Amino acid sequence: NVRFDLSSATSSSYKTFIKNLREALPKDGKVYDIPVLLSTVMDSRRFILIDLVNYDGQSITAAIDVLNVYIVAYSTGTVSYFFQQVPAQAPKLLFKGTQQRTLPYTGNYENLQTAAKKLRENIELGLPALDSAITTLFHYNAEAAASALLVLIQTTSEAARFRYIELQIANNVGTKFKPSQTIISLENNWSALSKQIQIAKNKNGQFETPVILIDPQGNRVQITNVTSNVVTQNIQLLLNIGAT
């Protein structure tokens, strides 16, 4: 499995991990030089596994749906935990031999924030936060897990989707930070950006519908075509148009 360990964590090793995560996903080609995910795939190739290891050498394995980069489940090696409403074939295909449990929420941000009783902007990221999240999930506690899963998802799925997010985390190897509204805006608009970039291919680079983001200085900005920085040097994976 593609693996990230905290014992050797550096900015460079984290970037290498995210590159390897991206590379492990099958692609349906590129649009404006950005890889597009598959629309559908056979069950035997539907999931990839990633290992995350804390400072104390304790590992969890997260299962990711290759069609959308969603984490669907994780395992401690002996017990596994599945989100509500994951693809129906996931339990049969993943972590066979473990004791399989269901988490009391779906993996969407609305439901995770409700379960955590706090917002993404209230929850620290950075590699020390990843260490704590791994520990919380390895020693599963129902009250603490949603916040830990929010850390895990943003540090894997969202970093894979956006270079900007990857770099913010890579810049916090020994420190912690709470994500800005710039980060939150990218996460919220991944599907919308994916849709518009694929539409734009048949419209001379023009979006059908604008996407509103927050720039690093906190300004509202309107994205209307593929010449914008978010398209040319940020987004790294597109959700297939079939799923938008």
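The first residue of the sequence shown is number 1, and the count goes up from there.
Tell me which stretch, 201-209 or 178-186, has the higher mean Cα B-factor listed in the entry. The deposited B-factors put 201-209 ahead on the C-alpha mean.
Using the B-factors recorded in the PDB entry, average over the C-alpha atoms of 94-102 and of 136-144, then report which stretch comes out higher. On average, C-alpha B-factors are higher across 94-102.
So among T232, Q236, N20, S13, who wins on Cα B-factor in the entry? Spelled out: the listed residue with the top C-alpha B-factor is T232.
Classify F47 as lowest, middle or highest third according to the C-alpha B-factor given in the PDB entry, relative to its own chain. Answer is middle: the recorded C-alpha B-factor places it there.
Split into thirds by Cα B-factor across the chain's modelled residues, where does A192 land: lowest, middle or highest? Middle third - that is where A192 ends up once the chain's C-alpha B-factors are sorted.
Once the chain's modelled residues are ordered by C-alpha B factor and cut into thirds, is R161 in the lowest, middle or highest one? Lowest third of the chain for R161's C-alpha B-factor.
Pull the Cα B-factor of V41 out of the PDB entry and bin it into the chain's lowest, middle or highest third. Tercile = highest for this residue's CA B-factor.
Considering every modelled residue of the chain and its Cα B-factor in the PDB entry, is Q168 in the lowest, middle or highest third? Its C-alpha B-factor, which the entry lists for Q168, ranks in the middle third among residues of this chain.
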